[PDB]
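Below is one structure; the comments refer to it alone.
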Amino acid sequence: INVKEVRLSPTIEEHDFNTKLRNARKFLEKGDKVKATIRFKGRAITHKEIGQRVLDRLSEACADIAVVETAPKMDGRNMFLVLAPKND
């Protein structure tokens with residue numbers, strides 16, 4: 001019933017990704033929605049592309065238990081995705 005936040009770095013390394021992925025699946029299994037957010041520092045030309053790619057990886061890795069309620073999108077200097085549990 002909650003919206004739990006999972007924060008991702010644009011420079012995110014493999015173990016931190018898996019740790020965040022574990023946490024997201026844990027929230028979703030508990031019936032809570034997940035807002036996965038990337039807060040961009042600076043204006044790299046490649047930010048939207050990699051933020052998209054990091055969140056798409058999270059979304060596909062949770063497809064077995066979640067639906068995408070809000071597909072990756074910008075909110076100022078942030079990009080976010082909302083996943084909702086398939087069942088509850």
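Letters A, B, ... mark the chains of the structure tokens in the order given; residue numbers begin at 1 per chain; ligand numbers begin at 1, in order shown.
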With a cut-off of 9 Å, could you pull out the residues of segment 8-48 of chain A touching segment 61-82 of chain A and give me the nearest pair of atoms for each, distance in Å to one decimal, using only C-alpha atoms, ordered by chain and ascending number, as a Markdown table?
| residue | atom | partner | partner_atom | distance |
| --- | --- | --- | --- | --- |
| A:21 | CA | A:61 | CA | 7.7 |
| A:24 | CA | A:62 | CA | 8.1 |
| A:25 | CA | A:62 | CA | 6.7 |
| A:28 | CA | A:66 | CA | 7.0 |
| A:29 | CA | A:65 | CA | 7.4 |
| A:33 | CA | A:82 | CA | 7.0 |
| A:34 | CA | A:82 | CA | 5.5 |
| A:35 | CA | A:82 | CA | 4.3 |
| A:36 | CA | A:81 | CA | 5.2 |
| A:37 | CA | A:80 | CA | 4.4 |
| A:38 | CA | A:79 | CA | 5.3 |
| A:39 | CA | A:78 | CA | 4.4 |
| A:40 | CA | A:77 | CA | 5.6 |
| A:41 | CA | A:77 | CA | 7.8 |
| A:42 | CA | A:77 | CA | 8.9 |
| A:48 | CA | A:79 | CA | 7.9 |
Would you give me, as a VMD selection string, the residues in chain A that DSSP reads as helix (DSSP H, G or I)? chain A and resid 14 to 29 47 to 61
Just want the 10 Å neighbourhood of residue 17 of chain A, counted on only C-alpha atoms, with same-chain residues fewer than 3 positions away dropped. Output as a PyMOL selection string. chain A and resi 7-9+12-14+20-23+54+57-58
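In terms of minimum interatomic distance to residue 87 of chain A, A:31 ranks closest within A:43, A:1, A:31, A:18, counting only C-alpha atoms.
Among the candidates A:51, A:85, A:59, A:11, the residue lying nearest to residue 26 of chain A is A:85 (atoms considered: only C-alpha atoms).
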Pairwise distance for atom CA of residue 46 of chain A and atom CA of residue 4 of chain A, rounded to one decimal in Å: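 Distance reported for this atom pair: 27.2 Å.
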From a backbone DSSP assignment, name each residue in chain A labelled strand (DSSP E), as a ChimeraX atom specification. /A:3-8,33-39,66-74,78-85
